[PDB]
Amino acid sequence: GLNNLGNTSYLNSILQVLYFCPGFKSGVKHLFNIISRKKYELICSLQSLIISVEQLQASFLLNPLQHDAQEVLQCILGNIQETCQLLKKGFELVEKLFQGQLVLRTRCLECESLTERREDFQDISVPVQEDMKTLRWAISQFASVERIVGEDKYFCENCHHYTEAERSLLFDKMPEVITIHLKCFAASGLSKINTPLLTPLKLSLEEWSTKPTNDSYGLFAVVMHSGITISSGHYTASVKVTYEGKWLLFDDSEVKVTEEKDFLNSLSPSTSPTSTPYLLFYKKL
């Protein structure tokens, strides 16, 4: 009868990733208790879903339109955040789990003056190809010094002129969960890039941090998209259990337990996978 789960595979993948985020369902339970003795429908349906999935997972262990997944994640997280602010006027669940802060610097190449902008972020949108690559290459393309020249000259208020500039991004405040949004799509007209990056199990962003940090990250969830186009396809999710150390493979109605080695080998771009990674999730160690 679960031949209808596939219709919401974007939402299913996002819910399977959020159910295994550390501290997410604890925070949702806390907000649900608050809203209960307040007497919001998103929090209550989230609680109902988490209890249903707890029932199903307890049974498993003992008695064996089409939409974008990142956009659905964004909508759910924004709704939870708004609920938290309203209940505030414990209430910093999204801020502590998924929200970091960037320091964006611009250096004019004429006067060599530095201007800074501070912006929040919930995920990191990195490219997958240039116009075999690793995730380090993509985060460098995101955050290393880029020179903006030509038609994209910077207007410097100090020179009162158009100048070439160097932009660089740095990670200041860090969330507990790092979401890598992979831009696996290109424009000439629009097509999907099926070649994935060489994804690591361990990630360090100290190369692009404002301060020297020893905090490393570990890959625990991957959302993949299957299809030759960007307008249609199927979303799957691979989550790591922290069975602890195994990767659960969610495909519509059937779940597969997997070794970390087999999962990492399936992620390899040398095997040419049909499931293209789209969202990578890294939790602080």
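All residue numbers are counted from 1 along the displayed sequence.
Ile50, modelled here, also has coordinates in every other compared entry of this protein that models residues flanking it, well short of the third needed to call it frequently missing.
Compared against other deposited entries of this protein, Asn63 counts as often unmodelled, lacking coordinates in at least a third of those that resolve the residues around it. Counting the unmodelled positions of the deposited sequence between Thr242 and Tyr243 gives a long gap of 10 or more residues. Gap check for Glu151 to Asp152: zero deposited residues are absent from the model.
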